[PDB]
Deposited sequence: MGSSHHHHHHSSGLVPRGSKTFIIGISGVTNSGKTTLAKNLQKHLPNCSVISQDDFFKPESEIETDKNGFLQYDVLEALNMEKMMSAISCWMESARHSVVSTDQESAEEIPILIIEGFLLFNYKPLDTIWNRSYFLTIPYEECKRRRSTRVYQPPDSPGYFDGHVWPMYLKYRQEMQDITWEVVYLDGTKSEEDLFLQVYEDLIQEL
């Protein structure tokens, strides 16, 4: 059986501002031959984003994202992964991280492991206000768009077809890194 075509793909989703991107990065520096793709790199330009009845920019839905572009990026990684180990098993690793991964049906069978970072409403709001997006959050954007769209995502995930490990995002960076690392090494 020829080597080189196997991969191990990890999804890290979760609410906005829950430490997803930092978790991906901490895992990557402790894992061999590991890449990270970030869903936020595939948002459409603000000019292509729709606006709802109350004037809120619609960013927190899959329509805001070029998911075909993101698939193409995943495909590029897979082709590179095939040549990452010289012939003479060492299985290349991809971490895909973003707030809206587990409702996207074309990727439903891609995940070898799945983690979902959670933080409650008040702490999520507080964290979100310390961060600057481009475009910036409008007044009342968290309540008017971000949180309702998050709750919509969680209901969409009620009929998911694979196991998800839910994580407490109020834990420290190191705590979260160790928990996931401890689980991950057993799956690899």
property: Deposited positions without coordinates, collected into consecutive stretches in sequence order; result: 1 to 14, 103 to 107
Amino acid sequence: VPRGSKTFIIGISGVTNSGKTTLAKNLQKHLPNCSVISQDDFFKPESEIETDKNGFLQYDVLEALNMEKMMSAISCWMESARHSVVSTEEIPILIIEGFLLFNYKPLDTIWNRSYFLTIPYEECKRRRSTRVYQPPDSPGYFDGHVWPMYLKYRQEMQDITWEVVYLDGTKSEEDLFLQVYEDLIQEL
From here on, numbers count along this sequence of modelled residues.
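Between two forms, the rigid core is the largest collection of C-alphas that superpose within 1.5 Å.
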| query | finding |
| --- | --- |
| Positional deviation of Cα atoms in 6 other deposited structures of this protein after core superposition, greater for 93 to 101 or 74 to 82 | 74 to 82 |
| At least a third of other PDB entries omit residue 109 | no |
| Residue 88 coordinate gap across at least a third of other entries | yes |
| Higher-B stretch (mean Cα B-factor, as the entry records it), 128 to 136 or 24 to 32 | 128 to 136 |
| Residue 109 - Cα temperature factor, lowest/middle/highest third of chain | middle |
| Chain thirds of CA B-factor: placement of residue 87 | highest |
| CA B-factor placement of residue 70, once the chain's modelled residues are sorted into thirds | lowest |
| Chain third (lowest, middle, highest) by recorded CA B-factor, residue given as residue 150 | lowest |
| Chain-wide C-alpha B factor ranking for residue 49, given as lowest, middle or highest third | highest |
